[PDB]
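One chain follows as structure tokens, the form deposited without the named molecule.
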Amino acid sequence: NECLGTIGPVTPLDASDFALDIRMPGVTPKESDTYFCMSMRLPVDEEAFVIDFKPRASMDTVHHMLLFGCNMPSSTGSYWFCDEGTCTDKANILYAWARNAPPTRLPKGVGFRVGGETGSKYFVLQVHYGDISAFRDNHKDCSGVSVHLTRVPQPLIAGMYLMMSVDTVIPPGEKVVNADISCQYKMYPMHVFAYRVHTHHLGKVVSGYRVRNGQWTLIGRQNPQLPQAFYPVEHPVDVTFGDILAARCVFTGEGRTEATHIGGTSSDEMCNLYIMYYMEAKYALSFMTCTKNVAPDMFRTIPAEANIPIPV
């Protein structure tokens, strides 16, 4: 309503569905590269399924938008700067939009489970504004995302497998440092349909693989300095009990003056790989994580592909 929109925060869509319009409350970025966050509580207490998204991004300023599910947003204000945090509990990523990135429309019969016993009670929207022009000091923006929710159970439930490196340091000036992550998979099958990579400025490339009986199958690989949206996996990759998930983040220590710790508690660097999957609903869970390298020896046999740069 802060930009004269008539659409309420909740619109029923027929018997069992509703749309949630999650939009900035008329914010004003005053400096380039500004991340704003806001929260939106789920109007239902029982479980519901997020089945579609529609981005409502302003023409020019907005570069990137992320949507998370969590139970405790970092603030109770109408908005906040995301540098304060997104959620104080675990922020579960559900959606990314980057201008000019490939979209990732959820496959048919797939939804994220929210609400209920296990599910997230809030969405948190992050909106990244890039360079802003002079003379926009009193402009109000209501960028965001509309979310389609249904109470109809979906046969396939979407989730996120988060791979993160926390054991590796980049010594200053070392041209190439690899951070390797690996975990055994021990659940019912997941089918990986998209992925997103995240590092700070020293990242060169991030790759994730499923390894089964010694064979490596690419899930995805990208340069983390490109827009951190979800890139679609052209052919979804099935990951099953007894497979290993393996990732390698390639970094540089060039230009650095001190050691740079990857995944440190006061970061400086990170390597995160977000693997968006679906699972058959009655066996599904909504998130899984790997924060170690259980099979470091395996990375001697890694495909040469994983070391090839994906420039600029």
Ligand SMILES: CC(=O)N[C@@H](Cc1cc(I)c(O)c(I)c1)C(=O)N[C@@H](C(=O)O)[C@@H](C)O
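What we label the rigid core is the largest C-alpha set whose atoms superpose within 1.5 Å from one form to the other. Residue numbers run from 1 along the displayed sequence.
Absent from the display: the form solved in complex with the named molecule. The rest refers to it.
For the candidate spot formed by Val44, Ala91 and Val147, every residue has a non-hydrogen atom within 4.5 angstroms of the named molecule in the entry with it bound. The stretch among 73 to 81, 132 to 140, 218 to 226, 161 to 169 whose residues place heavy atoms within 4.5 Å of the named molecule in the entry with it bound is 161 to 169. Residue contact with the named molecule in the entry with it bound: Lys54 places a heavy atom within 4.5 Å of it. Residue contact with the named molecule in the entry with it bound: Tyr274 places a heavy atom within 4.5 Å of it. Although the partner is absent here, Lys121 sits far enough away that none of its heavy atoms falls within 4.5 Å of the named molecule in the entry with it bound. Using a 4.5 angstroms limit between non-hydrogen atoms, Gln126 touches the named molecule in the entry with it bound. Here is the short version: of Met270, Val62, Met40, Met279, the single residue with a heavy atom within 4.5 Å of the named molecule in the entry with it bound is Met270. The contact residue chosen from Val27, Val250, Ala284, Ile262 relative to the named molecule in the entry with it bound is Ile262, the criterion being a non-hydrogen atom within 4.5 angstroms. In this stretch, 234 to 261, not one residue has a heavy atom within 4.5 Å of the named molecule in the entry with it bound; the partner itself is omitted from this view.
Measuring CA movement between this form and the one not shown with the rigid core aligned, the set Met279, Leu42, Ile262, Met65 has one residue at 2 Å or more: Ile262. Expansion of the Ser267-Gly159 CA spacing by 3 Å or more is recorded in the entry with it bound, set against this form. Wider separation of the C-alpha atoms of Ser267 and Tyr274, by 3 angstroms or more, is seen in the entry with it bound than in the present form.
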